[PDB]
Amino acid sequence: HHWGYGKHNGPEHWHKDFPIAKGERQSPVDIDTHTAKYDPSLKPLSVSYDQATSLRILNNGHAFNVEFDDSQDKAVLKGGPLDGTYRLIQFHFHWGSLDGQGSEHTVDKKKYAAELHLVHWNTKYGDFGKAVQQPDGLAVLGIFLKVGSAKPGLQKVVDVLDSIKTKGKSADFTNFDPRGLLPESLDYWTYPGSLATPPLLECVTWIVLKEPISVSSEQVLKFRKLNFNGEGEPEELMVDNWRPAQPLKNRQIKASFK
Ligand SMILES: [Zn+2]
């Protein structure tokens, strides 16, 4: 039926409705650190989020998204391997039922407890909808989460989750600053890939940060209390909403560092 992460509609089934799932530039992938090529010509990333305007938080039945005002160049990403300016539209997370799994990308086959995706679209295309149809339309910053110390900047997010427990619920979520979710270092790996949920379009330049951020056990616990289902439906906890690693095929992963 409609796609999800269960036994009957999970990632291994996606190709039936979305044939691009077996495509040549699908994501996520395993990042082999010994085979990644250091590229001296890659520039440092430029993250300008001082003017970010968050608007709302929504449970869409597959994750929760924090949405931003993208009507102007308020929160942008540029530099790195990118040409042009990419506007932040939303961020979401992927997490597991246990601390040993949850991330989409893996590093030398290591899985992290969760993975944050900051989604941005190329302004040359005028809107998000047109950007996903282009090979360089999206830039997604992936940040791994490990369990350790609490991340103060994540607490505002954790605390509103009760209010969007089920699918289709939304809440006003203004004045949230995404700078509170970045690691200290912006060293990264990059490769050409795709959206990791249907429609799985191959329009993403992935930028995966080397340094994970730490969250506490209690923080991640709150994510696992969300529901995949709508209100008044049988309860299905929102856990393990990650797609497994896909074949690298003809692609090279580049590193901004040695
Ligand atoms: Zn994602």
# chains A, B, ... in the order shown; residues from 1 in each chain; ligands from 1
call {"tool": "closest_atom_pairs", "arguments": {"of": "segment 25-63 of chain A", "to": "segment 172-176 of chain A", "cutoff": "8 Å", "atoms": "only C-alpha atoms", "output": "JSON lines"}}
result
{"residue": "A:53", "atom": "CA", "partner": "A:175", "partner_atom": "CA", "distance": 6.4}
{"residue": "A:54", "atom": "CA", "partner": "A:174", "partner_atom": "CA", "distance": 4.9}
{"residue": "A:55", "atom": "CA", "partner": "A:174", "partner_atom": "CA", "distance": 4.9}
{"residue": "A:56", "atom": "CA", "partner": "A:173", "partner_atom": "CA", "distance": 4.3}
{"residue": "A:57", "atom": "CA", "partner": "A:173", "partner_atom": "CA", "distance": 5.7}
call {"tool": "write_last_selection", "arguments": {"atoms": "C-alpha atoms", "output": "PDB file, in the first residue's frame"}}
result
ATOM      1  CA  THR A  53      13.031  32.042  10.379  1.00  0.00           C
ATOM      2  CA  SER A  54      11.470  28.789  11.631  1.00  0.00           C
ATOM      3  CA  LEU A  55       7.681  28.562  11.273  1.00  0.00           C
ATOM      4  CA  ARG A  56       6.281  25.179  12.209  1.00  0.00           C
ATOM      5  CA  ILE A  57       6.938  21.617  13.301  1.00  0.00           C
TER       6      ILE A  57
END
call {"tool": "residues_near_ligand", "arguments": {"ligand": "ligand 1", "cutoff": "9 Å", "atoms": "only C-alpha atoms and all ligand atoms", "output": "PyMOL selection string"}}
result
chain A and resi 63+91-94+104+115-119+140+142+195-197+242-243
call {"tool": "write_last_selection", "arguments": {"atoms": "C-alpha atoms", "output": "short mmCIF file (atom, residue, chain, number, x, y, z; two decimals), in the first residue's frame"}}
result
data_model
loop_
_atom_site.label_atom_id
_atom_site.label_comp_id
_atom_site.auth_asym_id
_atom_site.auth_seq_id
_atom_site.Cartn_x
_atom_site.Cartn_y
_atom_site.Cartn_z
CA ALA A 63 9.37 11.81 10.60
CA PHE A 91 15.21 19.80 8.69
CA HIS A 92 14.21 16.34 9.94
CA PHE A 93 15.78 13.36 11.73
CA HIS A 94 16.04 9.57 11.27
CA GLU A 104 21.03 6.48 7.19
CA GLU A 115 20.94 11.43 11.67
CA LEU A 116 19.86 15.06 11.13
CA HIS A 117 19.15 16.26 7.55
CA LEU A 118 19.12 20.00 6.79
CA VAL A 119 17.46 20.33 3.40
CA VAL A 140 21.42 18.22 2.20
CA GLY A 142 23.81 15.27 7.14
CA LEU A 195 16.32 11.83 -1.65
CA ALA A 196 16.30 8.90 0.84
CA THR A 197 12.48 8.75 0.98
CA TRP A 242 15.90 5.04 8.13
CA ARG A 243 16.66 3.56 4.73
#
call {"tool": "closest_residue", "arguments": {"among": "A:241, A:163, A:225, A:143", "to": "residue 211 of chain A", "atoms": "only C-alpha atoms"}}
result
A:143
call {"tool": "residues_around", "arguments": {"residues": "residue 235 of chain A", "least_positions_apart": "6", "cutoff": "10 Å", "atoms": "only C-alpha atoms", "output": "PyMOL selection string"}}
result
chain A and resi 166+226-229
call {"tool": "atom_distance", "arguments": {"atom1": "atom CA of residue 192 of chain A", "atom2": "atom CA of residue 258 of chain A"}}
result
20.1 Å
call {"tool": "decode", "arguments": {"residues": "segment 31-70 of chain A", "atoms": "N, CA and C atoms", "output": "compact mmCIF listing (two decimals), in the first residue's frame"}}
result
# COMPACT_ATOMS: atom_id res chain seq x y z
N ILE A 31 30.10 5.24 3.97
CA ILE A 31 31.30 6.07 3.67
C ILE A 31 32.53 5.24 4.13
N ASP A 32 33.24 4.75 3.13
CA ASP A 32 34.52 4.00 3.42
C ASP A 32 35.60 5.09 3.57
N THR A 33 36.11 5.33 4.74
CA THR A 33 37.06 6.41 4.98
C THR A 33 38.43 6.26 4.31
N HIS A 34 38.75 5.02 4.01
CA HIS A 34 40.07 4.74 3.40
C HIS A 34 40.03 4.86 1.91
N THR A 35 38.87 4.91 1.32
CA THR A 35 38.67 5.00 -0.13
C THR A 35 38.17 6.36 -0.58
N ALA A 36 37.75 7.17 0.37
CA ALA A 36 37.28 8.56 0.11
C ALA A 36 38.55 9.31 -0.36
N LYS A 37 38.41 10.14 -1.36
CA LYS A 37 39.54 10.89 -1.93
C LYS A 37 39.58 12.30 -1.35
N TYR A 38 40.70 12.62 -0.75
CA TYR A 38 40.86 14.03 -0.26
C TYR A 38 40.91 14.93 -1.50
N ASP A 39 40.12 15.98 -1.57
CA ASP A 39 40.09 16.88 -2.75
C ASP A 39 40.46 18.29 -2.26
N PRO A 40 41.69 18.69 -2.55
CA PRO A 40 42.24 19.99 -2.15
C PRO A 40 41.50 21.18 -2.71
N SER A 41 40.77 20.95 -3.76
CA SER A 41 40.05 22.02 -4.46
C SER A 41 38.66 22.26 -3.87
N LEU A 42 38.32 21.45 -2.86
CA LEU A 42 36.97 21.66 -2.27
C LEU A 42 37.12 22.87 -1.33
N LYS A 43 36.15 23.75 -1.40
CA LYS A 43 36.17 24.92 -0.48
C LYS A 43 35.44 24.60 0.81
N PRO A 44 35.73 25.41 1.81
CA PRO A 44 35.07 25.31 3.11
C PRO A 44 33.58 25.63 2.85
N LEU A 45 32.78 25.04 3.72
CA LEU A 45 31.35 25.29 3.66
C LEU A 45 31.13 26.70 4.26
N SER A 46 30.07 27.27 3.80
CA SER A 46 29.58 28.55 4.26
C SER A 46 28.11 28.36 4.68
N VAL A 47 27.89 28.39 5.97
CA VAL A 47 26.55 28.23 6.58
C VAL A 47 26.11 29.58 7.12
N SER A 48 25.12 30.24 6.58
CA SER A 48 24.65 31.53 7.09
C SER A 48 23.25 31.33 7.60
N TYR A 49 23.11 31.08 8.89
CA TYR A 49 21.81 30.82 9.49
C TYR A 49 21.41 31.85 10.51
N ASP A 50 22.13 32.96 10.55
CA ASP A 50 21.81 34.02 11.55
C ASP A 50 20.41 34.59 11.35
N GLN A 51 19.92 34.63 10.15
CA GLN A 51 18.59 35.19 9.82
C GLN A 51 17.51 34.13 9.63
N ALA A 52 17.78 32.89 10.00
CA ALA A 52 16.79 31.80 9.86
C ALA A 52 15.46 32.15 10.53
N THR A 53 14.37 31.83 9.83
CA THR A 53 13.03 32.04 10.38
C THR A 53 12.31 30.69 10.42
N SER A 54 12.21 30.09 11.59
CA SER A 54 11.47 28.79 11.63
C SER A 54 9.98 29.16 11.73
N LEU A 55 9.12 28.28 11.22
CA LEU A 55 7.68 28.56 11.27
C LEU A 55 6.82 27.53 12.01
N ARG A 56 7.14 26.28 11.74
CA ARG A 56 6.28 25.18 12.21
C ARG A 56 6.99 23.84 12.31
N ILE A 57 6.40 22.99 13.14
CA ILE A 57 6.94 21.62 13.30
C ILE A 57 5.77 20.69 12.92
N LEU A 58 6.05 19.69 12.14
CA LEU A 58 4.94 18.82 11.69
C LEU A 58 5.29 17.36 11.75
N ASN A 59 4.36 16.52 12.16
CA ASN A 59 4.55 15.03 12.13
C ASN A 59 3.91 14.65 10.75
N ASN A 60 4.72 14.21 9.80
CA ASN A 60 4.12 13.88 8.47
C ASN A 60 3.85 12.37 8.32
N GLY A 61 3.99 11.62 9.38
CA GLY A 61 3.76 10.19 9.39
C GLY A 61 5.03 9.44 9.11
N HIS A 62 6.11 10.10 8.74
CA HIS A 62 7.37 9.34 8.49
C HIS A 62 8.51 9.94 9.33
N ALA A 63 8.37 11.15 9.77
CA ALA A 63 9.37 11.81 10.60
C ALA A 63 8.69 13.07 11.10
N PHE A 64 9.46 13.94 11.74
CA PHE A 64 8.89 15.27 12.11
C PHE A 64 9.81 16.27 11.34
N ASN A 65 9.15 17.31 10.86
CA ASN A 65 9.96 18.29 10.08
C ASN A 65 9.86 19.66 10.75
N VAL A 66 10.95 20.38 10.84
CA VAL A 66 10.84 21.78 11.30
C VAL A 66 10.92 22.57 9.96
N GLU A 67 9.99 23.41 9.66
CA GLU A 67 9.94 24.17 8.42
C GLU A 67 10.35 25.62 8.65
N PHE A 68 10.99 26.12 7.62
CA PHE A 68 11.52 27.51 7.63
C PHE A 68 10.92 28.35 6.52
N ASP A 69 10.98 29.65 6.74
CA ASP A 69 10.52 30.57 5.67
C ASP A 69 11.67 30.64 4.61
N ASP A 70 11.38 30.16 3.42
CA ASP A 70 12.36 30.12 2.31
C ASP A 70 11.94 31.09 1.19
